[PDB]
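Below you will find one chain, with nothing else, as structure tokens; this is the form deposited in one PDB entry, and questions on how it binds or moves follow later.
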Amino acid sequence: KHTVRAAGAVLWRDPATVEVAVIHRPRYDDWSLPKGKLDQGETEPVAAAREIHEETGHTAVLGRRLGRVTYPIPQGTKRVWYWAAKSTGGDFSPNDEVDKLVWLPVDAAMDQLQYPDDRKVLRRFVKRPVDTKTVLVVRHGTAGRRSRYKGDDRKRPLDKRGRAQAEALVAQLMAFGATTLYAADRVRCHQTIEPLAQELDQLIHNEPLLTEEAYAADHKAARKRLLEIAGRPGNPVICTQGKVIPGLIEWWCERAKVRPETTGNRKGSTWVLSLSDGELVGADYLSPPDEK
């Protein structure tokens, strides 16, 4: 019943000209997709990027999530979440953990992979575009509790936990190649992405149209603004509030006929929206960095 959490990827370069990485491990004599266990304090996306680099030598940018694999192990259940990951270069060197890495077209990779579950992941990988741009919709971190004035507090800050969530989000949002930063017009929203701002040395663009009060007054202008931001060059992070996100995500998924595999709305959570030629092709809900 204990779950051992892991993450991994279909690491690719160049759908039918695309080549994917398949690795061999001497300890098991297996051919599989790179993956490994989450270290203490890591989220799945962070672990996937790190394990890909450790096992293949390549850096990469994560995109669409590709489902979950589980299997029994002595400790309980191994759980592995997989991402499409576009290679950003590197070099493989054989060692005792991983002695071979082959780059194969998807069909030949399917024959090389020995585990039925890995082939299922690869089938998902080719079902939709993989050369995707990414919009990251983040619910601000924990910020104590609303007071008893009507509606909303503009200046209420993140609390101690929430500041730590903000710090923990840097690596998770970097895993997806975030480049540009946007926050609703509330201090707690800005503070959630300020650590990332400092890392990227980027300014955060303030978004009055995306606060809870603005969404309730004019939802159409919020939707229009989301699309506007998404159309800009780069991979934007947009930090907003709990009454806003579910509505925005549902509306986009509905109109694009995209089915999210997970749903939630927790403070510090992230929706990874994958676009191909401006169309939504994936909506992946990630838990807060300090939650399961």
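All residue numbers refer to positions in the sequence shown, first residue = 1. Shifts are known only where both forms have a C-alpha. Between two forms, the rigid core is defined as the largest C-alpha subset superposing within 1.5 Å.
Just so you know, the form deposited in another entry exists too; it's not on screen, but the next bit is about it.
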Superpose on the rigid core and name the single residue from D107, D218, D152, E199 whose Cα moves by 2 angstroms or more between this form and the one not shown. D152
Between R156 and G151, does the Cα distance in the other form come out closer or farther than in this form, changing by 3 Å or more? closer
Indicate closer or farther: the Cα atoms of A164 and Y149, in the other form, relative to the displayed form, with a change of 3 Å or more. closer
Three or more consecutive residues, each Cα shifted by 2 Å or more between this form and the one not shown after core superposition: list those runs for me in sequence order. 74-76, 148-152
